[PDB]
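Take a look at this one chain, the form deposited in one PDB entry, written out in structure tokens.
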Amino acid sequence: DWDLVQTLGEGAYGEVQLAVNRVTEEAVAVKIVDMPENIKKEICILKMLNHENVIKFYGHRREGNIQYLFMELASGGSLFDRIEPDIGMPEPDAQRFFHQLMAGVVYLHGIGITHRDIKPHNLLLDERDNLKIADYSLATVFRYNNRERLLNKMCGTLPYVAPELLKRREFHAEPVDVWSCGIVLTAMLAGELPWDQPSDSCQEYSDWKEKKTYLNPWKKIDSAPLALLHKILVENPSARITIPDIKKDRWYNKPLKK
């Protein structure tokens, strides 16, 4: 019924392909997984999703040991491909994408789900350039029956992970996703990642902690979004800005055009 045309992206288990229906020509995204605990959890999370800034899940089909996960194709491609290396993108476009990213993350956190791997390759765009949070292979429950569960597993992508994930045995989920959103905002406004990892052995991270904002990528960023990044990229997660307070930030609320 479907023909595999091109690879769309990668992940820790299986692969995501562009599939074209042999009868209707309908183009969709399909995740093909070989061989059980991890896929059952992923399917469960994908079934919970219903929001404008999260990738739409059509359903799943099992054939022997092979699992197929059907998702709405993001015709605008990835946010990664909108970032010009060493430049970024126009500040109004970055602000709009950031507003949409916050909308999707508030939605996930509201249903007690943490994404755990927010980065430009996992942020896709529809026909009208609406951002959509994709890939739930690392996603997990951090709140159930109004009771929070601490995370105790290391995962994600090193330039995007919060420092507490490397240091603490257990840590709160929401500040970790807030942090990765801050690295995404830095990438959008500067076209470069600030550090390989948020550790003391990383000079670029030490330089940020020492407020050396006269260095790249910070010197490419205007004072208003930089003031927001100073509130997000806070080492101590208990002192880090929360999403309700990000929504009150001067740059977040600044009228911008084109």
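Heads up, when I say rigid core I mean the largest set of C-alphas that superpose within 1.5 Å between the two forms. Only residues modelled in both forms are compared. Counting begins at 1, following the sequence as shown.
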What does the record say about the segment between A227 and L228: how many deposited residues are without coordinates (none, 1 to 3, 4 to 9, 10 or more)? none
Look over 172-180 and 136-144 in the entry and identify the one with the greater average Cα temperature factor. 136-144
Averaging the C-alpha temperature factors as deposited, the higher value of 60-68 versus 187-195 falls on 60-68
Which one of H51, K209, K41, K220 shows the top CA temperature factor in the record? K41
Please say which third, lowest, middle or highest, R128 falls into when its CA temperature factor is compared across its chain. highest
Lowest, middle or highest third: where is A29 by C-alpha B factor in its chain? highest
Would you mind ranking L73 by its C-alpha B-factor against the rest of the chain and naming the third, lowest, middle or highest? highest
Binned into thirds over the chain's modelled residues, the C-alpha B-factor of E235 lands in the middle
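One more form of this protein exists, namely the form deposited in another entry; it is left out here, but the text below deals with it.
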Of the candidates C44, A227, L215, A27, the only Cα that travels 2 Å or more between the shown form and the other one, given a rigid-core fit: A27
Please check if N253 moves between the shown form and the other one, taking a CA shift of 2 Å or more relative to the superposed core as movement. no
After fitting the rigid core, is the C-alpha of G9 off by 2 Å or more between the shown form and the other one? yes
Once the core is aligned, please say if the CA of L18 is shifted by at least 2 angstroms between the shown form and the other one. yes
Looking only at residues in both forms, which consecutive runs of at least three have C-alphas displaced 2 Å or more between the shown form and the other one after fitting the rigid core? 1-7, 9-28
